[PDB]
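To keep things clear, I will list the structure first and then write my remarks on it.
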Amino acid sequence: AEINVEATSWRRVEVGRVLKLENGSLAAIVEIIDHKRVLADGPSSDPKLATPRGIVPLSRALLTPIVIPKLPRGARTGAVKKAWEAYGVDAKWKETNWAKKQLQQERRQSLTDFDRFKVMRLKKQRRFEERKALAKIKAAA
Amino acid sequence: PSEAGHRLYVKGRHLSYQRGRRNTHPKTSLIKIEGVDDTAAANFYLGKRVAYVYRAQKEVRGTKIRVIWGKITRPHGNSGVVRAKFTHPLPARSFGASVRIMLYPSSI
Amino acid sequence: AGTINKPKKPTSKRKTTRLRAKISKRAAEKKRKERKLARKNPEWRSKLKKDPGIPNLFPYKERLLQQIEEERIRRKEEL
Amino acid sequence: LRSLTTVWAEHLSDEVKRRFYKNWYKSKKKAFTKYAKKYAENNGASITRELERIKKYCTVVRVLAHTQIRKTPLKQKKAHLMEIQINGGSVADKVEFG
Amino acid sequence: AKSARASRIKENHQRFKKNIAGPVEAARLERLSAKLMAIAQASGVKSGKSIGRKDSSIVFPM
Amino acid sequence: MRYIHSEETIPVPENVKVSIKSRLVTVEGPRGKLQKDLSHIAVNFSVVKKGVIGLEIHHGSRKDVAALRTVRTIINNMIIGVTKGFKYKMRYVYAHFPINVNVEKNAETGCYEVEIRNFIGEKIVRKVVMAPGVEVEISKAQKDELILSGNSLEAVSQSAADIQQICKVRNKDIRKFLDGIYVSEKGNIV
Amino acid sequence: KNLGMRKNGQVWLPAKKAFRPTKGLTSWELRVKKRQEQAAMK
Amino acid sequence: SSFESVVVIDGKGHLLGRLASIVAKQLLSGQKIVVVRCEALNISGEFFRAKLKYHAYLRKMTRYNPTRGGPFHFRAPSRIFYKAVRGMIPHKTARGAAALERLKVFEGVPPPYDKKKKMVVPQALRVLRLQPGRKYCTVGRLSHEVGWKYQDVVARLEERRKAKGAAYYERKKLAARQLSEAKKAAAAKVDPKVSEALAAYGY
Amino acid sequence: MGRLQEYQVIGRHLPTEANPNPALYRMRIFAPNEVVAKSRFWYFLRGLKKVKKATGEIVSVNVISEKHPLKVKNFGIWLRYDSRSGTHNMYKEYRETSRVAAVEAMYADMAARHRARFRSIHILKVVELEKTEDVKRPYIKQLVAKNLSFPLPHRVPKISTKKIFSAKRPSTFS
RNA sequence: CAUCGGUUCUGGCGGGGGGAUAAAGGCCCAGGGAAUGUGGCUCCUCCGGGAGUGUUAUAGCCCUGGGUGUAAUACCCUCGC
RNA sequence: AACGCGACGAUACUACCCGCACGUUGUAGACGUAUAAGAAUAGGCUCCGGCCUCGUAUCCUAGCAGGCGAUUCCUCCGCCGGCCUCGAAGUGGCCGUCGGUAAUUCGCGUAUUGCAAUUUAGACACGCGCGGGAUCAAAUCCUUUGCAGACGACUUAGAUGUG
């Protein structure tokens, strides 16, 4: 009896799940109120990733791969902070590809006119190198 | 040679006049600026001057191209459409015609 | 029925002004008439309505009856 | 259905050339004269490519056929021309048949 | 009476077409086709094998 | 009320293969292969245990929870079909005119055809075409009996229903005229 | 194998269970207790 | 918000009234819209409701003369979408006629729209708008059942177009692989100061 | 109905020669503001103790803030509502973080399910269920279950309504 | 275009006051308690995890009182730039 | 469909085609008016390593509205020719010639439009010119016909003939 099943594997909202909010901050689920609202707390020392303890609607949030292991249900801010610092949620969030995309977005939004001119020139030089490499590759096969 | 553009203005469209359901007011027009989608973005373009550029038949003083001049007055609604007041009311045939919003008078 | 392949004449939801005015007039006349009938009603009415009470599924109904009993005994002692 | 192209024969009779005129007696009768040179130029390459176009793109093939009105007692000399469908076979068979 | 558009009459006619009239019409078509066979048989660009281009619009004009 | 999570369970026999991709269930056994598309029902399939398939619905209503029972029984029916098969024994009876039943296999379709003649003396020949995968034989153990067998229960039962509904008595008293073909026994081939 | 006879003759149907979508929310012992306070309160 | 020369929209998986409202607003604002694959549009509700509405439409006709003034019932799916759009535009004015002149609707994807980018409208997409479990139908199926004649022709032309698109996608995948290899090989020959400069700028 | 707050409203009858020290009556009122709170207070007083606003006065109005707004709680609300048949008891349960949130949820719930307005609803008691064993409704019982974890299938992605056209078909998996 | 006056729309910033001198909450102090029972212990197994015991252990939570504390912040009112 | 469309034949002129030479010519309105997988949405994509909220992306993007001369590079673009290819309302691929071309760096010029005044700049269609290449047609009235007919309209015939 061998069975092959190909279906959808969603991330599950649960205690310890780290949510990314619309303002870019992070929180962790402490208690699930219902299927549309949770109680979430972000104790991160980074002001960009911090979130005060409170009700988060699940519509206004996204699910990160990070899950805090064995976070107790109903744990207050001190225990959530201890678990967050012990698990190292900030480093893993920085490692994720969502934070890299958000960092790239901030870097592109913070450019000035001189910076955009320098981006255009350096991209043209790198494009010259890539064009030579692509011509060499297409010449071979 | 260089193959860049030469645009220093922002594209807009003349949607309509200021109106109710039935009565319209040609003295004020509604302009949809490209890339402006809320009141916060519309607040940047307040006081900016705007040109309706069109073509005529007769060549007068070296050109067949006429301009109507105006300025952006206030935001309209919630979706970034602005109200504009011109020297003369825009032609009613130009509903949907393009207008040029220039970056002057600049506050930057 | 053969409604899908051969529908009949549609029933119009567009009201007419004459019928709207007539319906409003008849509604007002009925409301005045039922006021008159309630005024001249000989049907008996109790002075105090029957209170439905406390629902059984309320988790603290027994405790609430305990404060009811305690308050009535306290009122009897005070009086 | 849309007509993609048609191919005519090298020689057409006077009674079928009459169909393309209202004043045939005053005419110079120039009809299909430049077309008949396509059979001689480049060994009929244009005729061949039109036949190949009908072979590879089309689904319905009809011949053009006209009557020999001169064998009838009618005083009319202008013949009747119609499209007759070829049914059966593949499209290549229809083209080779026509 | 059963109409011309009746399903049973259509099925009767289909059986008639498949079993009775069909072979007769096929043999007739074969004979006529054979007679008309008797009458009928009685570079790529520069040769026309490569089908090149012959010697209101769907788009907006641009 | 919206139920957070509901689940159903299907055991699989050891010789049976089940493949589920995009809610298209393929069940293979000793007798062959069956396939059904179930993409009109919102369901999540999983392998909760070795030889056990789990079906779950998240945040569904009572109707959506109840649909999983139909899905469970359908997949179990395909499993039973590829393992033991399905067999319908039908009987044809008459009073005066014997019913002549001919069974043949059409080569170019691959399907069986059942021709019924002399039904209450009628001159017409009734022809019923079986579903692909249904095999029909005339029983030799018992009298005036057809045996329909296959993997697809729906195909076998619909073929038997067609055989009943083609021999219908019209404009006669059914308390007196009892001729017809009837399904007499339903079961498994094995 | 099946020992009983199903009424509609579909012998391949499995032994179905009761449709109880709210199953498992409340334990039996708690329900017995709540029956006791319910009877006392009534 | 962006102004375009012409916007080509794939009609597959779109809801009729919502797409029609968005298209009519864009046409009156001054944008040229082309809609393709109108046979693959969706209507919410189960199919017999749409069929009954079309038959109720087919009931209406000028009694004294059906050749003038009456509802001319167009059975093609593109013309059904066109009727939906025309109902949301002041078509009896010069402005409305000019706005309708900026719209083209087709069944299937004719050339040269087969080699152009086809956008979608998320505010009208059926998978994003309809609740799961709700029924929907297809305008092409409705058209075929009410008398459109070219369902099979459009299907054959669509499968030829998709075969040519499969060949094009194979070449596109080869080109993307070669471009990734070219970038990886040229990363060695690019000046490193340029490399961290572009990385710090975000490129 | 609205952003509500709970008010302690204490009132009394006007002191007279016969009664120099009239009794004080306290109610907890859910109201958008203090004017509405005092209006509801005098309405209930006229309905119960025959004390009118003309011969009465308001001793105190205070706001009863939630003690723990960051703790998830289960609330049982016993209410009576008026329909054309008459007045009916109902008991309902709401899983919220404050009493005012539970009351606005109750008002929205009654408007959605029974078309009852603010004027036809009498909130007789709002209590906190101290134990999980006190929960009676299955739609709260399934939420207070052990190890509650669930996915979110078919999530429509958020795209701004000002972006009319998209170049890619959206996904509903995250 | 600059500097003004009248009317008006809109954005930001710095203070003051009130309430349970907000209620929370963080970190400490002293008590009490329970389970959707953590660790530990016992028994089952598909060895994946279940069932039982009970009060912090190798997670925590709830309630009461006290300190930081005239804490912060929300809401309302208000003085200006 | 008399304001829907297709194929073909012959097309006299001021008609047709090619080149450039411009419009007090017009158009519901150029200003980078750049970008083809298909399919599913309780699943997909891939280079097979992994990846998927997100087009806030990709390409292109500097120089008198963009000159002249180098240093330097073999990159990009365009017109033609060949071979193929593309019929849903037909056009792209490769190869070759020719021409242009900052990926790096530099030298001479920009002024005076005077503190802003559309940046007159694109495409299609039309017209007038030359300089060339190609071709010498029909319809209607009229007479006649009766397969037709109120009148028009229609079927015919009228050039040497089976008139």
Side-chain angles (χ1 to χ4, degrees), chain A residues 7-8 53 62 70 72-75 77-79 105 108-109 117 120-121 124-125 128 131-132 135, chain B residues 1-7 43 51 53-54 57-59 63-65 67 74 93-94 96-98 100 104, chain D residues 2-6 8 20 22-23 25-28 30-32 34-35 57 70 75-78, chain E residues 43-45 50 53 56-58 61-62, chain F residues 22-23 42-44 49-50, chain H residues 3-5 30 95 98 101 108 110-111 114-118 127 157 162 165-166 168-169 172 176-177 180, chain I residues 63 65-70 132 144-147 153-154 157-158 166-168 171-174:
Chain A
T8 302
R53 163 173 281 242
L62 289 169
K70 299 185 174 303
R73 174 191 53 91
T77 310
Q105 286 192 273
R108 290 190 176 188
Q109 277 167 29
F117 186 80
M120 175 196 63
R121 288 209 58 192
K124 286 175 78 165
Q125 301 174 356
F128 177 66
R131 279 168 170 182
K132 285 154 61 184
Chain B
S2 67
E3 293 83 3
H6 304 90
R7 188 166 59 90
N43 281 332
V53 169
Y54 63 99
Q57 287 69 60
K58 300 289 94 176
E59 178 176 284
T63 177
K64 313 178 199 58
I65 294 167
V67 185
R74 54 187 280 182
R93 199 192 192 272
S94 67
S98 61
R100 304 154 90 99
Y104 51 85
Chain D
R2 189 178 77 87
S3 178
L4 193 63
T5 183
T6 180
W8 300 87
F20 311 110
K22 304 269 147 172
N23 306 124
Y25 78 112
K26 289 185 311 176
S27 168
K28 301 296 188 293
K30 308 296 295 298
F32 290 88
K34 322 289 188 62
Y35 187 88
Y57 287 125
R70 50 177 182 71
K75 293 182 183 293
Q76 177 177 342
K77 311 172 182 182
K78 180 171 72 176
Chain E
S43 170
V45 167
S50 181
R53 302 244 171 158
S56 60
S57 183
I58 191 167
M62 183 278 288
Chain F
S22 195
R23 286 166 290 169
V43 60
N44 188 36
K49 194 190 307 180
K50 175 68 176 176
Chain H
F3 303 155
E4 292 292 341
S5 59
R95 186 177 79 111
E101 286 301 81
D114 56 344
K115 302 204 194 91
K116 289 181 178 302
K117 192 69 180 67
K118 290 160 274 291
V127 290
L157 293 169
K162 287 174 187 174
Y168 152 76
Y169 182 61
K172 186 183 182 185
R177 195 177 309 111
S180 45
Chain I
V63 173
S65 294
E66 192 76 15
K67 291 176 71 69
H68 303 279
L70 300 162
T132 309
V144 302
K146 186 185 175 184
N147 275 126
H154 199 87
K158 292 181 181 179
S166 176
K168 294 180 178 67
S171 299
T172 65
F173 318 111
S174 49

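Chain A is the first sequence line, chain B the second, and so forth, proteins listed ahead of strands; every chain is numbered from 1.
Nucleotides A116(K) and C76(K) have their P atoms positioned 42 Å apart, rounded to a whole Å. Separation of the P atoms belonging to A37(K) and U46(K) is 13 Å when rounded to the nearest angstrom. Between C13(J) and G31(J), the two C1' atoms lie 49 Å apart (nearest whole Å). As rounded to the nearest Å, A30(K) and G131(K) have P atoms that lie 40 Å from one another. Between the P atoms of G67(K) and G81(K), the separation comes to 30 Å (whole Å). Using atom P as the reference point in both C86(K) and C130(K), the two lie 46 Å apart (nearest Å).
Nucleotide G92(K) has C84(K) as its partner under the Watson-Crick or G-U criteria, with both atom distances under 3.5 Å. For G26(J), the paired nucleotide is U68(J), the pair qualifying as Watson-Crick or G-U wobble because both relevant distances are below 3.5 Å.
A Watson-Crick or G-U wobble pair links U143(K) to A157(K), both relevant atom distances lying under 3.5 Å. Here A117(K) is not matched with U160(K) as a Watson-Crick or G-U wobble partner, both contacts being required under 3.5 Å. Remark: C126(K) pairs with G23(K), satisfying the Watson-Crick or G-U wobble criterion at under 3.5 Å for both atom pairs. Between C124(K) and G26(K) there is a base pair of the Watson-Crick or G-U wobble kind, both donor-acceptor distances falling below 3.5 Å.
Contacts of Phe173(I) classified as side chain to side chain contact (heavy atoms under 4.5 Å, CB included), with partners at least two apart in sequence or in another chain: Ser171(I). For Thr77(A), the side-chain hydrogen bond (donor to acceptor under 3.5 Å, both in side chains) criterion is met by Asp41(A), not counting sequence neighbours. Every salt bridge (charged side-chain N to carboxylate O under 4.0 Å, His left out) that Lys64(B) has, sequence neighbours left out, goes to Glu59(B). Under the side chain to side chain contact (heavy atoms under 4.5 Å, CB included) criterion, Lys172(H) pairs with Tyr168(H), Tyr169(H), sequence neighbours left out. Listed by chain and number, the residues in a side chain to side chain contact (heavy atoms under 4.5 Å, CB included) with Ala7(A) are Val5(A), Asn44(F) (sequence neighbours excluded). With sequence neighbours excluded, the residues forming a side chain to side chain contact (heavy atoms under 4.5 Å, CB included) with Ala31(D) are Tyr21(D), listed by chain and number. Remark: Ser94(B) pairs with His14(B) by the side-chain hydrogen bond (donor to acceptor under 3.5 Å, both in side chains) rule, at least two apart or across chains.
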- Task: Produce a footprint string for nucleotides 55-77 of chain J: one letter per nucleotide, 5' end first; B if the base is under 4.0 Å from any protein heavy atom, S if only the sugar-phosphate is, - if neither.
- Result: ----BSSSSS-------------

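Running 5' to 3' along RNA chain K, contacts with non-hydrogen atoms of chain B at under 4.0 Å begin and end at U24(K) to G122(K).
Contact annotation for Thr6(D): backbone-only contact, meaning every heavy-atom pair under 4.0 Å involves sugar-phosphate atoms and none involves a base.
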